[PDB]
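The form deposited in one PDB entry is given below as one chain in structure tokens.
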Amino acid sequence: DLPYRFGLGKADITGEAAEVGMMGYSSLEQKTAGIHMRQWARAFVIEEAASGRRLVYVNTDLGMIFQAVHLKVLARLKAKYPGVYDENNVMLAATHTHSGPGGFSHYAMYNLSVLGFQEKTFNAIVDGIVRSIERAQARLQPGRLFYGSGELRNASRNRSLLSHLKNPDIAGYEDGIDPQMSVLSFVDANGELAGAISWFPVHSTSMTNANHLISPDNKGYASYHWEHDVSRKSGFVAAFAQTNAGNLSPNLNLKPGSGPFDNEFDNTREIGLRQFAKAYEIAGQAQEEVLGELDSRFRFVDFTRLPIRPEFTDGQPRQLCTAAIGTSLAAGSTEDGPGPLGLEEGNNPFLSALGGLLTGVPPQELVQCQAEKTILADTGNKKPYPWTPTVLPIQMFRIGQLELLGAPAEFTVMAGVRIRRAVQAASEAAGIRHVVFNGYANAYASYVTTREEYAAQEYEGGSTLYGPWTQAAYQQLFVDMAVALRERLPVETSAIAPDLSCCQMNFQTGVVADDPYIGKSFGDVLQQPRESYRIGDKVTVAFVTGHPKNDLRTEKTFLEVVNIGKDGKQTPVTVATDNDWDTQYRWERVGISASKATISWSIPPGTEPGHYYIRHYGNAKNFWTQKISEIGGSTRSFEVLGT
């Protein structure tokens, strides 16, 4: 028989496509205005031979998975699958894409630029994650797990080199880059690649703060290219996860010119391509088969004044400071949007309802505990609720000789490396040979910098919430969890994660009413395609539509490129959907309450020469009935010429 069983599942988690602040850039003005490609939850269920011990890892095309999401999906999994799933064996991570709708956190600080909690996006996310896990378990099949690694030196650059070089122990990271990519491949009973999870550090910020189209960014393109363009086996699921990318940017030049590009879409595709290429090469090598038990540990840790043993600090006992954000340099900002929550409370009704950024003075105890940080906002002391998390999840999965760490924050290269070495040192005797550090997991508590980097207070340091010893605390938490795994004892009793579902505000307007263009009806074609197009041309079409906020069209689409044959009379077969890289769905307000759906298609090489037409699906809400109806239209047919 085989050592393991695995199940690969995928579900739509795309949020509100129009008029909701995007998550990542903290830009008040960056609201969704369409979709380039959808966001997906990719679940990997791993079962272990004799026992049916189960582990679930889900990587999401999101900026991060906030505590609110974690708490909700687990509550559903625990209630619906009692005894099989709980916080011990469910890990949720994010690719950290900055092109998705926000508002799915329960902490004000992360909802600031979005003007609050966006329930519709939040629920689409928890439901999609749960759905991906149900689909993955439903596809449990026997197989083998392989682990391998390689180096990728051309897909990232350190955005805070000055701080990075402050670390004495950077042997192997002299240029600021963590070139290591790890790949856990899943091979079915026929020795065929069923899926894979690739781990490699680099912000998914190829799409800038000027973009308004939803997008999985570079990691999402890598996933897509493998699933849609490369793999011929279906049910194929490829996830591209993060490790320690706190100070790693994909824009190789310094903002929106990665390698030599000048273009964010080209940059997104190329960076995704390079990550895909490396992962594909590594997976093909099937370097080291994974074998051994499956195990896990989870613990909610209250960070408030958490005791840090002298061996992780400078030789003296320390206690974590309550959360605070300090100022730092940019100029505009940098790795893309506006910065250190300098969202000006003027156009922010949500910010003023909270009481402004600053309120009174941070206690003198907080000021010195925070050391070199010059506090801009004391988020930990905010009332009635702190704007940042205080109880955080620490989780480790043992998968054979592999240990997967789920860390609730963005860790700089060295912040993660140190934790990795420390955990690897503690797990050696247990048979662990590879420690995979997965940041952006289970919750989001900003940045983690090493004591040294923190002292320089560059962007990541300013956002290292709990003080100079935040990195040390995390290293102490993961080491203690690792020793527990090694000794087979429970980890300490979990603290309680605050449930904030009760007090969420929202100042972002929903859909009031939709109206067709004057004299038109929803679904009407405002712009018909040209008579014919050649391969490589971009077909642009437009429709009278309704606000996409009315319906996410989860597991569905706002458009379809349909092929009706060489003579135009064959059974219509759809060749492109709103998820595809080749298509784009854009929404724009026209008049007072009307709106336009602009759909574009870049005919890709390999397109069957023939007749095609574009179909649009939308939803419109009526003011009088408050009813949301389905709407749509289809353009006339155009011809695709062999080229």
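Basically, rigid core = biggest C-alpha set you can superpose within 1.5 Å across the two forms. Position 1 is the first residue in the sequence shown; the rest follow in order. Only residues modelled in both forms are compared.
Looking at mean Cα B-factors across 258-266 and 414-422, the upper value is held by 258-266. The mean Cα B-factor in the deposited entry runs higher for 357-365 than for the other of 243-251 and 357-365. The top Cα temperature factor in the record, among 565, 439, 467, 116, falls on 565. The PDB entry assigns its highest CA temperature factor, among 533, 454, 387, 122, to 533. In the PDB entry, a CA B factor belonging to the highest third of its chain's modelled residues is recorded for residue 635.
Annotation for residue 481: CA B-factor lies in the middle third of the chain's modelled residues. Among the modelled residues of its chain, residue 612 has a C-alpha B-factor that falls in the highest third according to the deposited record.
When all modelled residues of the chain are sorted by CA temperature factor, residue 382 is found within the highest third. Among all modelled residues in this chain, the alpha-carbon of residue 335 has a temperature factor (C-alpha) in the highest third.
The form deposited in another entry is left out here; the points below concern that form.
Note: rigid core superposed between this form and the one not shown; among 150, 257, 386, 565, the CA shift is 2 Å or more only at 257. Comparing the forms between this form and the one not shown on their rigid core, the Cα displacement of residue 284 stays under 2 Å. When the rigid core is held fixed, the Cα atom of residue 360 travels 2 angstroms or more between this form and the one not shown. Figure legend: C-alpha atoms of residue 258 and residue 96, shown here, are separated by at least 3 angstroms more in that other deposited form. Wider separation of the C-alpha atoms of residue 256 and residue 17, by 3 angstroms or more, is seen in that other deposited form than in the present form. Listed in sequence order, the runs of 3 or more residues present in both forms whose C-alphas shift by at least 2 angstroms between this form and the one not shown, with the core superposed, are 251-262, 359-361.
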